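The chain below stands alone and is given as structure tokens, in the form deposited in one PDB entry.
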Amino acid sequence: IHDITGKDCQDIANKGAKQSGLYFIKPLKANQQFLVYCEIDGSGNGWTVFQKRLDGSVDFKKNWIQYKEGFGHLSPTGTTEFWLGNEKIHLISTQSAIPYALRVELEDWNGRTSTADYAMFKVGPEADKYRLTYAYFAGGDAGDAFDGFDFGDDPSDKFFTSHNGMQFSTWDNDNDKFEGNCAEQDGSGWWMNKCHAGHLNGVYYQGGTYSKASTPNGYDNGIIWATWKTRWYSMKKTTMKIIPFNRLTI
């Protein structure tokens, strides 16, 4: 664990840290410091990573408290899977009304990475079930899955599968817009609607391709981002990371 600390990984970078790895941060309002993985590039950008998928090592079917507190494994090398914790993500993303960007980074099973950036990304408090909000989609070749997607299933698919303004759901705390339980169905925690167009906490399907035949109920419950790949393609790696918004300004 590195010595420099701050409010987030950008503060850490601003204080002269140059190496990606594990650092303590202590956002405003946090009761105690906590470890994070910071990705620090050669241009002084320090991203605070809150989700990582890369190998299927961690089961993302976790309950409300586990999603609140965080689960999985932090590593200095950035080679482990984790969910940082909704309370931590709330504390970082809302502190001092600092505008953060979210970057979603996806890797397919062929070694291509794509990104989707969201401006002014926030996660609300537990009293509002950790609601996700953003101001606008700021671009990227992965496309805007959080806007919802037309799967050709129902006329209202886009309304059913958008993510801005969705509360967080787990199997034991359903806050979705579905008469069923999206989190229980898929076995994940996420900002579910009815249910999703972008869902990075799904099941780790080896090799990417899966199908309705994969499960008895034919769930599209993989690690999906429908504006980049079919619902029947599950990413090999994902990263969800945040940075003060100005670090995006060219």
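In case it trips you up, residue 1 is the first one in the sequence shown, and so on.
Form deposited with a partner chain bound: not shown, discussed below.
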So which of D108, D144, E87, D157 gets a non-hydrogen atom within 4.5 Å of the partner chain in the deposited bound form? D157
In the deposited bound form, does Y204 have a heavy atom within 4.5 Å of the partner chain? no
Non-hydrogen atom contact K237 with the partner chain in the deposited bound form at 4.5 angstroms: no
Can any non-hydrogen atom of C38 be found within 4.5 angstroms of the partner chain in the deposited bound form? no
In the deposited bound form, is there a heavy atom of the partner chain that lies within 4.5 Å of any heavy atom of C195, even though the partner is absent here? yes
Name the stretch, out of 125-133, 149-157, 111-119, 92-100, where some heavy atom lies within 4.5 Å of the partner chain in the deposited bound form. 149-157
